[PDB]
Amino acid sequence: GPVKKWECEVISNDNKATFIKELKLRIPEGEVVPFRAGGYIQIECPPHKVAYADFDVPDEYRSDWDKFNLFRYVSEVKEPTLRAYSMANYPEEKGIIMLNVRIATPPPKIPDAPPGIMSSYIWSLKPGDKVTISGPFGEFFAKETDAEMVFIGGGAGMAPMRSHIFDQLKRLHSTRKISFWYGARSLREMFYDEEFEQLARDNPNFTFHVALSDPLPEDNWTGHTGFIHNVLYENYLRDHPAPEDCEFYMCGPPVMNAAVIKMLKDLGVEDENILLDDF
């Protein structure tokens, strides 16, 4: 049973943070990609050569791209390849597949390594380009219980976080207690926050919190600071009567995943109540 494919057209490919783009694809009209929240597709690329200098990076992120000389990078692949990306839209957002794609630059200590293949290709895409996706696939799925849900996200982990949370509130009309905790470095790295604030106004059982590890003075930030595992503990789990009765859904960078899961285990949360997507 061959995997299904769709040739989609790029609607938009906008930065949402210094190093994350929202790639929004139009599904062919009259077609459906029958995915579940937390699920993903694979993208393919043809052979290509792309220059970071040709990327469309909005001006508020350019001084950091210039600082790290990122516009000098070039990426070339001579054979097609495939990679997985998680849906940021939820299943009732029809007609589109929306992705959050981190640019996978070379390691700081090995700066002359090749850039990441598929993320560099994706950042080269412009409105009207065509891309082939396949699947959908999934395993990062919500448990269907009445337990309280705690979503913890970082970086491009925002995509399955958004999909799950909108799926619970808008498709399932869930009455469960749900909260979302997102760690980012500074205010310009935060996105979709207006959507989550509106969901929290409309859904008394839902709350949303951002921690900034290194806010800039000009962020004028009076919110939580530091790492999200500490903020989640200090502002919520420390006087929760039974954190072990919560379901925790984690998708962030590895240093986040490790710190959150360690903090949860220290509280006595069982592995079966911790679901991780480690990209």
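In this text, residue numbers run from 1 along the sequence as written.
K.L.:
Hey, which bit's got the bigger mean C-alpha B factor in the entry, 12-20 or 256-264?
P.N.:
On average, C-alpha B-factors are higher across 256-264.
K.L.:
Between 33-41 and 243-251, name whichever shows the higher mean Cα B factor according to the PDB entry.
P.N.:
That would be 243-251.
K.L.:
Using the entry's values, work out which of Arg83, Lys170, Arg102, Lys126 has the largest Cα B factor.
P.N.:
That would be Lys170, according to the entry.
K.L.:
So if I compare the CA B-factors in the entry for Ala147, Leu187, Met98, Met118, which one is the largest?
P.N.:
That would be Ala147.
K.L.:
For the chain shown, is the CA B-factor of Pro114 in the lowest, middle or highest third of its modelled residues?
P.N.:
Ranked within chain, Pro114 CA B lands in the middle tercile.
K.L.:
C-alpha B factor of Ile152, ranked within the chain: lowest, middle or highest third?
P.N.:
As the PDB entry reports it, the C-alpha B-factor of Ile152 lands in the lowest third of its chain.
K.L.:
Quick check for you: using the entry's CA B-factors within this chain, is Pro108 in the lowest, middle or highest third?
P.N.:
Top third by C-alpha B-factor.
K.L.:
Lowest, middle or highest third: where is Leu237 by Cα B-factor in its chain?
P.N.:
Ranked within chain, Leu237 CA B lands in the highest tercile.
K.L.:
Using the temperature factors of the C-alpha atoms in this entry, rank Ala200 within its chain: lowest, middle or highest third.
P.N.:
Its C-alpha B-factor belongs to the highest third of this chain's values.
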